[PDB]
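A.B. asks: Everything below, folded, please.
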Amino acid sequence: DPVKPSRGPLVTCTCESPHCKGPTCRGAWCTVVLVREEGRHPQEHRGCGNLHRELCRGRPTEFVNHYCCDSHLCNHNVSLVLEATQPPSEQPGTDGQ
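C.D. replies: Numbers count the residues shown, from 1 in each chain. Sharing the structure here:
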């Protein structure tokens with residue numbers, strides 16, 4: 001369907017199983033999203049939001065850390081531990097669920 005290719009302003013971000021199937025992506029911006037454990041396991045999926053603005057506003061999940069930043073390689077060193085102030089790499093704010 002006629003959709004803006006990666007929305008337009010291409011921000012590349014380290015991708016890890018989120019919007020990309022392995023490596024990296026040029027997209028809309030950098031969006032990180034941890035699939036919080038609750039029995040399962042916290043998987044830190046980061047990369048280009050591309051066309052998904054949902055990951056920068058909140059999906060029907062609540063306890064999912066959907067962080068978005070308009071800077072290249074922002075998900076390269078991001079905090080995905082929305083739960084408590086654990087020790088991440090670059091903590092841009094007090095991680096709290």
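A.B. asks: List the contacts of the residue sitting nearest the centre point of the chain.
C.D. replies: Note on the chain: the residue nearest the mean C-alpha position is residue 32, at 1.3 Å, using C-alpha atoms, centre = their mean. For residue 32, the contact set (C-beta atoms under 8 Å, 6 or more residues apart in numbering) comprises 18, 44-46, 65-68, 75, 78-80. Quick note: C-beta positions are derived from backbone N, CA and C, even for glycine.
A.B. asks: switch to 7 Å and redo it
C.D. replies: With contacts defined as C-beta atoms under 7 Å, 6 or more residues apart in numbering, residue 32 is in contact with 44, 46, 65, 67, 75, 78, 80.
A.B. asks: Relative to the helix or strand where the second one lies, what are the paired strands and their orientations?
C.D. replies: Mapping residue 46 onto the secondary structure by DSSP states H and E places it in strand 43-48. Strand 43-48 has the following strand partners under DSSP bridges: strand 30-35 (antiparallel).
A.B. asks: can you pick the most crowded of the contacts of residue 32?
C.D. replies: With neighbours taken as other C-beta atoms under 10 Å, the top of those is residue 75, carrying 32 neighbours.
A.B. asks: and residue 40, what is it in contact with?
C.D. replies: Taking C-beta under 7 Å, 6+ apart as the contact definition, residue 40 lies against nothing.
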